[PDB]
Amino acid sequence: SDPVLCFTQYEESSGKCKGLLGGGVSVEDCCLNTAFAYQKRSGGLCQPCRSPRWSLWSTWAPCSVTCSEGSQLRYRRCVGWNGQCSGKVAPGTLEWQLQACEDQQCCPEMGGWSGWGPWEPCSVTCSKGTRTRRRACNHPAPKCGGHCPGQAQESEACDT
């Protein structure tokens, strides 16, 4: 007596529940017609009332690291209601596949600074401006995109 949403059909291709009859029924009552399907919660996994068969393999989950060699999972599901799928495996049980993966061959290495350059000027048409200075990672130049820690510019005032 755990109310489910009862559907009039199962779309084989998609594995989607279609034609909601409604709620407040047990799976037992829903599945009196083996042509029907149910959801235990609104929007989630559609189970057909016929005999248990393997669902479609899911989409590969994204790679566990964005820079290096990682791995990624996918699954398929025991979906049905009266029996078992392959072996002695009852429904709502997942089979898993784990695959190696890589987003990039390289990982970003960090940079080092060189030494501040000579200063620029302010404004002479009239008075009170700003003055800046510069540098670059001419030291340990960053390897794979990377970044130097801190700032490349630097400001100041000059009354002229």
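The first residue of the sequence shown is number 1, and the count goes up from there.
S.K.: Per the record, averaged over C-alpha atoms, which has the higher B-factor: 63 to 71 or 26 to 34?
M.R.: Result of the comparison: 63 to 71.
S.K.: Quick one: say whether 38 to 46 or 124 to 132 has the higher mean Cα B-factor in the deposited entry.
M.R.: Taking the mean B-factor of the alpha carbons in each, 124 to 132 is higher.
S.K.: Which one of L56, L94, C106, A100 shows the biggest C-alpha B-factor in the PDB entry?
M.R.: Comparing C-alpha B-factors across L56, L94, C106, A100, the top value belongs to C106.
S.K.: Taking the chain's C-alpha temperature factors as the reference, tell me which third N138 falls into: lowest, middle or highest.
M.R.: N138: CA B-factor falls in the highest third of its chain.
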